[PDB]
Every structure is written in C-alpha cells, then in structure tokens.
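**Q** Residue numbers (my numbering), protein chains in the order written: chain S, 1 to 118; chain H, 1001 to 1052; chain L, 2001 to 2138; chain X, 3001 to 3324; chain B, 4001 to 4177; chain P, 5001 to 5168. Even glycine gets a Cβ: it sits at the ideal position worked out from N, Cα and C. Provided herewith is a single structure, encoded as structure tokens, for subsequent inquiry.
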Amino acid sequence: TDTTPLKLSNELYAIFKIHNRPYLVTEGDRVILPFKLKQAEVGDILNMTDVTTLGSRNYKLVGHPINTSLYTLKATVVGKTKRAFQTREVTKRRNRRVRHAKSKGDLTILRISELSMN
Amino acid sequence: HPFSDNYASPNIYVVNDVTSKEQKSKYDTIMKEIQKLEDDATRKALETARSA
Amino acid sequence: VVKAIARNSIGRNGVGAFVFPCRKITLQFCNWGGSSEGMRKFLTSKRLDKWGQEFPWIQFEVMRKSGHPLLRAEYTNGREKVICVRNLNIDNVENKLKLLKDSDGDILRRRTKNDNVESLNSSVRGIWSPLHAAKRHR
Amino acid sequence: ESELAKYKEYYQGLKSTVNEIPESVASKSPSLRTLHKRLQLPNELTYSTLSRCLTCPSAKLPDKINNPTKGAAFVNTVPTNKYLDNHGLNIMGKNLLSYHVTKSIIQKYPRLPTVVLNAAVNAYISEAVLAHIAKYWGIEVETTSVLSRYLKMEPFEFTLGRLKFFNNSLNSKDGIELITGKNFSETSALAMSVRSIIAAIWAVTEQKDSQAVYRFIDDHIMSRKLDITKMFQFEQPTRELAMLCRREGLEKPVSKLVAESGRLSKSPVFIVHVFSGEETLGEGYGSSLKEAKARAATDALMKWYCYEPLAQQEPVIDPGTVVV
Amino acid sequence: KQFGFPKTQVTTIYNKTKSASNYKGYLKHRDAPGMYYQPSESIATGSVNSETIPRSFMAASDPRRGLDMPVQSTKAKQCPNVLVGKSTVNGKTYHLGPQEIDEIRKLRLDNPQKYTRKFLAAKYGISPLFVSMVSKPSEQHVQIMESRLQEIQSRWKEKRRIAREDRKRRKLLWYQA
Amino acid sequence: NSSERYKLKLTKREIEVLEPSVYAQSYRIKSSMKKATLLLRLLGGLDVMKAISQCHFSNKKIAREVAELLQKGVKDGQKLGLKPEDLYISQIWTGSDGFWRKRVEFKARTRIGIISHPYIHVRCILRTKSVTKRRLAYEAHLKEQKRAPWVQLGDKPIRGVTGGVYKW
RNA sequence: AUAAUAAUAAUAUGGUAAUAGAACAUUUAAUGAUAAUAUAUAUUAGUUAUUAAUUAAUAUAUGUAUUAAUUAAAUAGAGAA
RNA sequence: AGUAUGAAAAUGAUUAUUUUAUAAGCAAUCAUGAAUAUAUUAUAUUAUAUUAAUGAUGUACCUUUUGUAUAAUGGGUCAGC
Ligand SMILES: [Mg+2]
Ligand SMILES: [Mg+2]
Ligand SMILES: [Mg+2]
Ligand SMILES: [Mg+2]
Ligand SMILES: [Mg+2]
Ligand SMILES: [Mg+2]
Ligand SMILES: [Mg+2]
Ligand SMILES: [Mg+2]
Ligand SMILES: [Mg+2]
Ligand SMILES: [Mg+2]
Ligand SMILES: [Mg+2]
Ligand SMILES: [Mg+2]
Ligand SMILES: [Mg+2]
Ligand SMILES: [Mg+2]
Ligand SMILES: [Mg+2]
Ligand SMILES: [Mg+2]
C-alpha cells in the first residue's frame, strides 16, 4: 500500500466507524455520538480502530478496517450530555386517556484531536 | 456543621455561616462609627477656625 | 494590491490541551428542612472528600440556605446548570453530581437525524460542481 | 471594642498578604489550586507565583474615586507591592506570544503577505481573544468589595485566587460607562493574566525544558482554528498576478474560457482559467466573464501566498510581497 | 503518471442519475481494500489544498512537484482568450521616446476634450492606459467630469442606486477568496 | 466644564420612550369602537395640522371630537416646548370606556334582544418629525447598508445532513 | 439473610370495559427553624427523564410563610351534563 | 350588592418584528432557507427566541356505537361553580 500522496497532503479526512456508525471527520471536528459512553470518562482519549476510509482531495486509502499502523486518529471525550427533553403524547381517537411518552436521549461529544498518516 | 478543614481535600471548602442580620448590624456600626469620627473632626476644625 | 480582513480565531477545546468543562460545583443545603436530608448525609459521609480527591480541577463550594437543597455547576463556557435535589437520597444526589460533572456546559438542544459532526474546516474534497463532475449529465 | 478597628486590622492583614503573597496562604486558596490542576501547570510553578500573575499593578488609588457622581468608584481592590505584580511577567508573556505565534504562522505560510500575517498574529493573540481564553480557564475578577468580604468574614486566600486590578464598581450601572484608560479595563486585565501565566511557566521551565512554554502555547493558543483564506482582500489581482509571473521565471498569464453555460440568462456560469503557458495557475468561476477572470486571478494569488510546505522540506524563505 | 492506482467515481449502489442525493446508497457501496484515485468533482478556486496548488508555485525542494496531482485537464490551445488586452495578444511596445511623451502631456493639459486619451492612443500607436500613466489632464476637466458623474447619480431612482450598491458589494466579494 | 468622557447604553424601549412625544386623551365619547376606527385609520401617520383639517371637513360625528383631541395634544406639545408644525400623529387608537348600559329590545311574538350603548375613548401619541422620524430613517439606512446583496452564482448552504459519507 | 445506588445475562412493558400498585398539584389541622441579602405571586429565559419543582433577571406586594418534612383529613384536580 | 388591589382570560383598537397578492383543505408536527431580536465569555464560521419561503406527513375533540372526518350526539369564547 503506497500511502505517499495521503501522507503528503495538508488536508485529510477519515471515515471511522463506532459500532458500525460512520462519522466523516477532519482534525478539529466535533463528533456527537448518540449514546452514553460507559468505558471512557470525560477527558479520556479514544484511539479509533475501525477506520474504513482515509482520504485526501484526490486519493483515498480504504480498508475493512484500515491497518492501525498506517494512521493515527485520536478523539477526546469532551462532555457526556443529553438531547433536549421532549414529551410527545400518545392517544387513540375517542379515548380521553393520553399517555405522555417522555424522552431525553443521551449524547457524547467527542473532539477529533489528531488525524495523520503515521 | 461542616468546615473547610473537615474535608481534607483543598479544592473543597465551606463558606462562612454569617447571618445577614449580623452583617447588616456590623455595617451599621462601622458606618456610624466613621460618621461619629468625621463629625467630631469637623467640630474640632470649626473650633480651631473660631479660635484663629 | 492585498489587504487584510480583521478576523479572530476559534478555540477547539480538545485538539491541543483539553480544559475540563466543569470548573466549580456548589453543594447547597439547609439544617432545617426535611427535603435537604440526603444532601446533608452526603456532605457528612466521606463521599465529598473522595470526589474532591478524584477531581482536583473542580472546586467544591458548600453553602447553607433556608430553601431546598441545590447542586449548581459552573462551566468553562460561562453557563450554569442548577439542579434542585429536593427529597433525594445520598446515592441519587451523588448520581446528579456525576451527571453535572459529565456535562459540557452548553444548553440542551434538539438534534436532527445524523447531525453528528460539527466542523469549522472547509471540505477536504471540494464542493460538487456540475461542470467539473466525472460523469457528465447526458 | 470597635467594629471599625476590627475591619481596619482585617484590611491591613489583607494588604500584607497581597504584598507578600505568602506561599502557605496561596496553597490554601482553592481557586488557585483548581486553576493549576486545570491547565496542568508545572509543579515547579508555585501557587504564590500564580497568585502574583493574577495581581495587576495598583500602587496608588486614582483621583476618580473622589466622585461616584461622575460615574466611578474603585472600592474592590487594595494597593499592591511595587516589586510583586504581574507587570514584568506580562511583558515577557507578550514577547513570547509575539515571537512564537508569528514564527508558527511563518512556518505554516512562508509567503503570506505582511499585513495578512500581522492580522493572523492578532487573531491568534489579540487582547479580546486572550481575555476570552482567561475567562474560559476560570480567571474570575474580584468584583466583591473589601468591606463586604470582611462582613462575610471570608479568608484572604479567596482574594489571592481571584484577578486583582482597579475594577470600577458601578461601571455600567444605569447604562453609563465612564471611558477610562487601559489600566481599568477587565479585558486588558484578563489578557495580562494569561500572558503572566505564560511568563511564569517560562521562568520555571526554561533551564530544565526550554520548549515547555512553546508547547503549552501550541496547546492553548496555536490550537485555535483560523482559516487564513478568509483573511485576504485583493484590489486589482490580475495586475498583481502578472507582476508575480514577471518576477518568477513564468510566461505571461492570460485568462481563457474553459467552460460556459447560461449566457443570456439571469445567472450564467463562466469557468475561466488563468494559464501561464500550458500550465493553469488559477481556476475562476463566475456569473459574468469579468467576474470569472477576477476570481481566477484571486485563486492564483491565494495559491501563491497560502502555499504551505511540508516539515520535511528545507526552509522556504519567500522573496517578499509582490510590489505591484 | 507516477502512481498507478485504480481510479473510482464516487459510487452509489443506486442509480446515480436519479438518486445522487441519497446518502444511503453511498454508505452501502463497499469497494475492495487499497489505494484509489478519486479525482475531485470540484473547481479549485477557494482551495489552499496541496493537491490544488500548481507546480510553479510549489518550491523547488518540494516533493509534491514530481507527483502528478495538479492535473492539467484543460489545454490552453483549445480555450479562447477572455477580456484580454491588446498588448497581451500582440506584444508590449516601448517605442515612444521622451519628446513624444512631453508633447502628449502638453496636448492633454491644453485640451482634454479635443485631445482625449483614445485620440492620443490612435495618434501614437499606444494604449489609453499608457496615455493616462504618462499624462495628467487639467484638474478643472477632472472636476467637471466628477460633477457630471454626481449629476448622473442624482438623476437615478432609489432602485437604481440600490442595484449599484449591490453590484459594488458583489464586486468586493469577488476579490475575497 | 469637564474632561470626563461617557458612553450611554440604552434599550430599544428606552430609546423609544425618551424621544419627545405628547399623549392626548379624549373624554368619554359616545360612539362605537368600530365607528371610531372607520375614521381613525385615515389619521394614521399624518402631520397633526393635516389630521385636524381632515377632521374638520369629515362628515362623521366622532370627527369633531378627534379634531378637539388633536388640538389639545398640539397645545400640550407647545406647552412642553415642541412645535405644532413638527408634530405628527405616531399612534392613534380607540378603546371601550366601560360601563356600557345594556337595555332589552322587545320584539314581536315574545322575542327579545339586548341593546348595548357603547362609549369609547380615543387616545393618541404625537411624536416629532424633527427626531423620531429622523431616527427611523437612520435605522432604515443602516439596515439597507447591512443588507447582503443578491449574488447570482452565490454561496447557498447545502441543506440536508451529510450522512457520514462523501457524495462527491 | 437488609436498604440504597450501580453493573452484567435473560424475560416482560399496545390497550376499551375492568382489576391492582405508586406518585404529584390544591385546601385545612397537629409539630416547626428561618427572614426585605427574605418570602409570595406573575412574566421571560435556563436546569432536573419535567401534570412538578428549581435557577436568574424583571415587576408588585408583604417586616412576612400554619413554610421544609411526617401525619391526619378533604366542597382535593373540568373541553364535554 | 363589603373594602382595597388587580400585566387572569375571553374581547377591541393601535404599533413593532416577521411572512403573505399563481395558491386549495383540523391550520399542527417534523425537515429547512431567509429576516429580525436578545445575549457583561458571540473567541465565531456563535447560541437562544420570534416569524404560514420551500418540502414531507397529517380525516378536530368528546359521547354513543359492530362501526363515526362523518352530513350521528354535544359545545360561541374565557373566567368562576
Ligand atoms: Mg383522542
Ligand atoms: Mg371505537
Ligand atoms: Mg426514486
Ligand atoms: Mg376599571
Ligand atoms: Mg319591533
Ligand atoms: Mg350583539
Ligand atoms: Mg400500559
Ligand atoms: Mg371540588
Ligand atoms: Mg375552568
Ligand atoms: Mg383534558
Ligand atoms: Mg407569489
Ligand atoms: Mg389534494
Ligand atoms: Mg373511519
Ligand atoms: Mg358534526
Ligand atoms: Mg362538515
Ligand atoms: Mg350545536
């Protein structure tokens, strides 16, 4: 795998997958995972492993996943949080009972700190 | 009755339980005392002026 | 001839040095008031010390007031969460405190489907153009 | 006894602590400790030094205290020691910022125009930006009065931990600012504090790890996003491009239509490329032909200036700005 | 061609002509592991990208010069000239001496209405721009012209003034990049 | 007589209120609110003198009362310091004056209605052409300056979510 | 051998008539710190898996909660007569 | 039908912001441009709030019925009961 053009390029993107959910990122990008991370606390660093695609403007390395040796991709866990609280009402059409389906899903804000060809 | 020393980790602290009323009373006494000090000084200055 | 446009930089907290979002937490309780029992117990019982030991970048203020028991956090962005912990047991209070510390200070917000990444960066590949496409349309 | 006397002795003690910044007292201050932990400052950087960095110069109380009727009262801070403030530190921090940031920018963009470079530098380390950074870190201002503090009966440790300058009480009350100098502005004080911290870090680490300061700066200041492409504003770019081509060993640039669609419409599209020989320099799209031509020239100039070489390359020293 | 990577379109599993916006099809499309050449489907106007910068603007010691990525897709022979000056088509001429210049200057001051820039250009086989560069007119004439322009501007409606402002804003925006 | 500079910060509401105005009010006019509206809509943003003239030559009964009110507001403005040729009617509205006395209308074949007897008041706020109007002209000018132009081939946001994948 | 909180694996969680379990708002009675830096009510914007309460600002009242909490009870919750 | 107080709502007029004169149906929800307002950490390529560009989905509520968008019942609206 001649990974020289990617290595050379100033701009570079990745399409890493957390639980088969793809997230297309550059360095500085701020990923918002739609679940509560249990393993990592806030401040902890995540070394991304299942990286599908690593792309320049005109080239892209692709793997299933790409060799961990070829790249780096460090995210930082920058705040567990939640979505806004919502209460949709559930009811049938001639029935006074109206069940409130309250919802407030969890989020985990990551920040892609490092992304480079090793 | 917690204190800042009680917790033994220096980022933890307990703010001082001084009642608002007591603080107000203290303020009143201090500003009053200042006023008294000032008034006496002014009187003295007036007396000195009268003298010469 | 060339001229500058006065412009300012955008701080990305994570990339260089991570500054921890939660900066200060205030435990507020009442000596009277049965709603403040669990808070009082928490304050008493060696958990707060452990917490402070764990997180020495957060300062932990402990205040007494007449009302309900309060957990107000204070974040780097300047926002302030305040959770009323009325009638909660010790463990519930601790969980609430954990939740607060976890939060990045930002306001809660509805996200649309797949609104995942938030970039300041211009696209690495360009924006599409019909004149510059690989397959020309018809 | 008298409460005035009690207050007076407290004030005197506070003044003495400010003059000293005794190390034990500084250590006791929770806010300082948390700041230290937050920034991951070196262990050699003492807590007294950190307190000092937050202490702005304030030798004598100004004449504007005499009248709150004119919209100012300075009743929060207490006079400082002449030889224990953030002033010397601040200057050193400013110098460091001016050196390192500028150097980093030059490394990134070795042909960047002088004015553009200056603007970029400003963006990275402007006073407002520095103040914002300080706020983010948690450098809070001593807004509370001395008397109020005494009444509450709070320790001097907290005072030491907060930022200390001649902050005008009733600054914008009833929507009335007084427009005082830089020595009474909050933003400026915050900027000084962030520079002072940097200077303190430098002082402690220089002999052991010389580049520790610069990596701290990189982490905090140089980590911030700035698209350099948004900084530029050209005037007659075609002429400038032609001049550049003349200067280098390049053929005269001419603009040519590559592709065209929607001529005789409200919004056409004209793609023109500025060629020098067979090589294209700049690509320019536009609604009009003229616009497209202009855009191609601007693109070419961007490519010239914002060229960023690799770290593996030997240093690129540019041949100055293209003087049209 | 330095690199001999296989080249790929940005491939959907669905019909691209009917469902170009459908991200799902793109997500589905897996391609075999390795290096590829995906030529960008974009103009290189705003890009500071290293794959976009031309070789002449790269430094001599740049490794990127040798690599084949600033692709010369277009050809200058095929493209026609746009808003090109007459000097660029048939070369610049430096023929007029000092005396001729002095005469031109004398003429222009004397009577800019009779001896206008275009007329001077026609006479001496040179550009109106060059005439301007050479010689100032009488400042009175300039003042008159400014006054005329002001009068014309005043003669506008509200709408026209707004349109002119918009045009000016657009022009300013062009030179931003 | 001082070397102290200042900068004033005021809300939109504060700005609005502090501009010189004058607040006319009618007495308990005998009319419907609808009838008042039918006239008062004509006297929207007029100069006070023009409005007064219109009221004088109006066929309606409320008109005279409106004219009188305008005259009173002018007089008040003069007393304050303002000029009558400077004053324009900024706002003029009406309202129910309350205590409308209901009274049954007896109809044929043991039917009824209730006849109310409406009383209203007209209030109006006169503002100055010299200040308020100038201010709003300035605001309009600023807004015009701010306004981003129509660009033909302009940068519109690629609306929709990306979907973790390049489509180009 | 319990309780609270948190993990892991599993199963379950549509619901009229109906049955069962658990809460909250409101008003009164018993007990009851505190205080205009306070309390109550209202508006706006935040916060807590949110009929509820809390934070801040603003407004008006009051030298002040039959207040928090536990019990006892109810003229205890209204788009349907 | 006490006395004070009263930004409780329905309801009327007026002003401001915003949308609206080639577009068709419970008038909402979700997507999504734009405009405006506020914001003593908008550092911004910022955040919230308001607003019928445009797109998609969407047959009031209750009662009574095997079954109701029903052109079956009942309600002019809000306040108190
Ligand atoms: Mg229903
Ligand atoms: Mg049914
Ligand atoms: Mg289809
Ligand atoms: Mg009344
Ligand atoms: Mg009759
Ligand atoms: Mg009627
Ligand atoms: Mg159920
Ligand atoms: Mg009842
Ligand atoms: Mg009701
Ligand atoms: Mg209901
Ligand atoms: Mg239309
Ligand atoms: Mg239809
Ligand atoms: Mg049906
Ligand atoms: Mg019906
Ligand atoms: Mg019908
Ligand atoms: Mg009916």
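Are the C-beta of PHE2055 of chain L and some C-beta of chain H separated by less than 9 Å?
**A** Yes, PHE2055 of chain L counts as interfacial toward chain H.
**Q** Do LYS82 of chain S and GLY105 of chain S have their C-beta atoms closer together than 9 Å?
**A** For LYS82 of chain S and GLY105 of chain S, yes; Cβs fall inside 9 Å.
**Q** Cα-Cα, which of P:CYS5124, P:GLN5145 and P:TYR5138 is closest to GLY5073 of chain P?
**A** Nearest of P:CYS5124, P:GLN5145 and P:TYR5138 to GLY5073 of chain P, Cα basis: P:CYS5124.
**Q** Is the separation between the beta-carbon of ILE3133 of chain X and that of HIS3220 of chain X shorter than 9 Å?
**A** In contact: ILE3133 of chain X and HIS3220 of chain X (Cβ atoms closer than 9 Å).
**Q** What residue from L:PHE2055, L:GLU2054, L:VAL2082 and L:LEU2120 has the CA that sits closest to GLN2028 of chain L's CA?
**A** Looking at the Cα atoms, L:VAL2082 is the closest of the given residues.
**Q** Quick one, which residues of the segment 4032 to 4044 of chain B are near chain L if we go by CB-CB under 9 Å, in chain order?
**A** The segment 4032 to 4044 of chain B vs chain L, Cβ under 9 Å: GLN4038, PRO4039, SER4040, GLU4041, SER4042, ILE4043 and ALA4044.
**Q** Quick check: the segment 5124 to 5138 of chain P against the segment 3294 to 3308 of chain X, are at least 3 beta-carbon pairs closer than 8 Å?
**A** These segments do not touch.
**Q** Three-state secondary structure (DSSP) at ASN47 of chain S?
**A** Reduced to three states, the DSSP call for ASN47 of chain S is strand.
**Q** Kindly indicate if chain P contains any beta-carbon less than 9 Å away from that of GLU3044 of chain X.
**A** No, no contact with chain P.
**Q** By how many angstroms is the C-alpha of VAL3322 of chain X removed from the C-alpha of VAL3316 of chain X?
**A** Each residue's alpha carbon lies about 16 Å from the other.
**Q** Am I right that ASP44 of chain S and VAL77 of chain S are in contact with their C-beta atoms under 8 Å? What's the rounded C-beta distance?
**A** With 8 Å as the limit, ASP44 of chain S and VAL77 of chain S qualify as a contact, their Cβ atoms being about 5 Å apart.
**Q** Nearest to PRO4080 of chain B by CA position, among X:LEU3050, X:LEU3250, X:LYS3152 and X:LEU3257, is which residue?
**A** Closest option to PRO4080 of chain B, Cα to Cα, is X:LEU3257.
**Q** Identify each residue in the segment 1011 to 1030 of chain H for which the Cβ-Cβ distance to at least one residue of chain X is less than 7 Å, and report them in chain order.
**A** Correct list: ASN1011, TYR1013, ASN1016, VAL1018, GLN1023, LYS1026, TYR1027, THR1029 and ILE1030.
**Q** Nearest chain L C-beta to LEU73 of chain S closer than 9 Å, yes or no?
**A** Closer than 9 Å: no.
**Q** Listed by chain order, which residues have C-beta atoms less than 6 Å from any heavy atom of ligand 3?
**A** Cβ-based neighbours of ligand 3 within the cut-off: B:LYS4018 and B:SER4019.
**Q** At a CB-CB cut-off below 8 Å, which residues of chain P make contact with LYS2113 of chain L?
**A** The answer, in chain order, is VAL5161.
**Q** Could you name the residues of the segment 2042 to 2066 of chain L whose beta carbon sits closer than 7 Å to any beta carbon of chain H, in the order they occur along the chain?
**A** Listed by position, the residues of the segment 2042 to 2066 of chain L near chain H (Cβ gap below 7 Å) are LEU2043, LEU2048, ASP2049, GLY2052, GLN2053, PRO2056, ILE2058, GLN2059, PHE2060, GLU2061, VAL2062, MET2063 and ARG2064.
**Q** Could you work out which residues of chain X lie near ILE4053 of chain B, taking near to mean beta carbons separated by less than 7 Å?
**A** The answer, in chain order, is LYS3303 and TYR3307.
**Q** At a cut-off of 8 Å, would you count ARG96 of chain S as near ligand 10, judging by its Cβ distance to the nearest heavy atom?
**A** Correct: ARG96 of chain S has its Cβ closer than 8 Å to ligand 10.
**Q** Are at least three pairs of beta-carbons, each pair with one atom in the segment 3031 to 3044 of chain X and one in the segment 2019 to 2033 of chain L, less than 8 Å apart?
**A** Verdict: yes, contact present.
**Q** Spatial neighbours of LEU3045 of chain X within its chain, please: C-beta separation below 7 Å, excluding the five flanking residues on both sides.
**A** Cβ within range, chain order: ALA3200, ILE3201 and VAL3204.
**Q** Starting from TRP5093 of chain P, trace the alpha helix (DSSP H) in both directions and tell me its first and last residue.
**A** Note, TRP5093 of chain P: premise wrong, no alpha helix (DSSP H); beta strand (DSSP E) at 5087 to 5096.
**Q** Please list the partners that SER4050 of chain B has in chain S, where partner means a Cβ-to-Cβ separation under 7 Å.
**A** The answer, in chain order, is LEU8, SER9 and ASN10.
**Q** May I have the straight-line CA-CA distance separating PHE2055 of chain L from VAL3025 of chain X, to the nearest angstrom?
**A** Roughly 21 Å separates the two Cα atoms.
**Q** Does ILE32 of chain S get closer than 9 Å to chain B when you measure Cβ to Cβ?
**A** Not one chain B Cβ lies under 9 Å of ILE32 of chain S.
**Q** Do you know whose CA, among B:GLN4176, B:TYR4115, B:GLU4041 and B:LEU4173, lies nearest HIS4141 of chain B's CA?
**A** Answer by Cα proximity: B:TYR4115.
**Q** Excluding five sequence neighbours on each side, which residues of the same chain lie with their C-beta closer than 7 Å to the C-beta of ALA4121 of chain B?
**A** Cβ within range, chain order: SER4127, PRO4128 and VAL4131.
**Q** If distances are taken between C-alpha atoms only, which option among B:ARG4108, B:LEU4107 and B:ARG4064 comes closest to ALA3311 of chain X?
**A** Nearest option by C-alpha distance: B:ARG4064.
**Q** Tell me the rounded alpha-carbon separation between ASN3167 of chain X and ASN3122 of chain X.
**A** Taking the straight line from one Cα to the other gives about 25 Å.
**Q** Put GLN4143 of chain B into one of helix, strand or coil per three-state DSSP.
**A** In the structure shown, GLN4143 of chain B sits in a helix (DSSP, three-state: H, G or I).
**Q** Looking at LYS3094 of chain X: is its Cβ nearer than 9 Å to the Cβ of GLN5152 of chain P?
**A** Cβ atoms of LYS3094 of chain X and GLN5152 of chain P: not closer than 9 Å.
**Q** So, is the C-beta of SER3098 of chain X closer than 9 Å to a C-beta in chain B?
**A** Taking Cβ atoms only, chain B never reaches closer than 9 Å to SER3098 of chain X, which makes this a no.
**Q** Where does the unbroken alpha helix (DSSP H) through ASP5076 of chain P begin, and where does it stop?
**A** Segment 5062 to 5080, the alpha helix (DSSP H) holding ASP5076 of chain P.
**Q** To the nearest angstrom, report how far apart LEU3061 of chain X and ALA3072 of chain X are at their CA atoms.
**A** Cα to Cα, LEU3061 of chain X sits roughly 12 Å from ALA3072 of chain X.
**Q** Helix, strand or coil for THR2026 of chain L per DSSP?
**A** DSSP places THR2026 of chain L in strand when its eight states are reduced to three.
**Q** Mind checking who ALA3073 of chain X pairs with in its DSSP beta bridge?
**A** Answer is X:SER3169, bridged to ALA3073 of chain X.
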